[PDB]
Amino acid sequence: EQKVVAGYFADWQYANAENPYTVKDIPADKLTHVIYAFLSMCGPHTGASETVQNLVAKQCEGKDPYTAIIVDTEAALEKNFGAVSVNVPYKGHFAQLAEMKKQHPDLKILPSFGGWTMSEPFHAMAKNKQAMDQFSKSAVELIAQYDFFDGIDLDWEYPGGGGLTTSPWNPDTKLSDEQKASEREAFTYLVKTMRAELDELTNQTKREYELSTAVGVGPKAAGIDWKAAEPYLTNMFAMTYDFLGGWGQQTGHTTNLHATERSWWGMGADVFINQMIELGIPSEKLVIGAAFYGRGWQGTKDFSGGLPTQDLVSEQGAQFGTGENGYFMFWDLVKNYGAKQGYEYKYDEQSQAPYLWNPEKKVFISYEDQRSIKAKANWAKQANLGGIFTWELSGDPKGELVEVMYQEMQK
């Protein structure tokens, strides 16, 4: 009767000049799961950066189409993050993950395949049963070789479109009804086949392996036949964030626990979780999403510091941020977007969500803190969910937000 407390680890953040974060910074004693982001497959990545396309090209020399691959092998296998006690033929993050598994044997560690920029190849793989067979077999062989891993996480964004190369708001990337139907059935086949390959591994090693997936909110969830797919799956990581952002003038909560009459389009984590349950995802498998960042706008109109409303708009997304514009890691908000910098902290009790208003500058920031995380964890318990997870760990290097997740979720 222990709940999930999972944290996403981005493989690229060690090279962030302002906020280097590595495996040795993970608060491993306070998590049940670490999810390593991201791996991929030998398939098209035309929508990704040129860097990524070349990395995919290097790993896939010699390999069958749709073979499961490590993409950033420098980060995963070569970078020396320090000596470790385990004797492994590689360095990188993976040597550190092996050491972390040694020192924390009850922790589970999963690789995540896909993510925003590397979902594209799934749409190609899905056209062909043999391609799906190759991905499944090779993904399992990959974790058999890197045997600190405890299963596979899928982050295909998304069957039926709504992703980077599959937007429904552009005629020539919007998917047909026929492709939608095709991908619906492929998702089921994929999870069935992966589950069978993991079962074979179990018969050899006598260990248990998990197979899990990210689930998009609203329509992004409905491209999947959950009644057919759920029996093969361990957890569904509900992506209950990025509800609003710098891509639109619509200003408000990014990751609010509760919908209210003041929500844009009736949005809230609760409403989206309840829809997922209605679609056939058992509540006990679902894991509610928390964010260790926020999003912000400038030139907020018709606003004086009150509660955020269902009509609130700004001139545009903030032309500033922690890295690229419009998003703010939690540590950056604490340090630079506080009282001393002209920002008043405010808490929306009905929504259970914090925000920051700077009345002089007219800047509005929505984010996530100790209080909203505690509220999410408590609501997850009351709603009979599996647990809580965070995107992403490096947003709070103090490990305090994870502390709240763990304490509240396991009480």
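Start at 1 with the first residue shown and count on from there.
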property: 217-225 set against 326-334, stretch whose average Cα temperature factor tops the other in the entry; result: 217-225
property: Stretch exceeding the other in mean C-alpha B-factor - 161-169, 233-241; result: 161-169
property: Most elevated Cα B-factor in the entry, residues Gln319, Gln96, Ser304, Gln179; result: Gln179
property: From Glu278, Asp311, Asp153, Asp270, residue of greatest CA B-factor; result: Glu278
property: Chain thirds of CA B-factor: placement of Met409; result: highest
property: Entry-reported Cα temperature factor of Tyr293, expressed as the chain third it lands in; result: lowest
property: Chain thirds of CA B-factor: placement of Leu31; result: middle
property: Within-chain third of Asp396 by Cα B-factor, per the entry; result: middle
property: Modelled-residue ranking by C-alpha temperature factor, third containing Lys91; result: middle
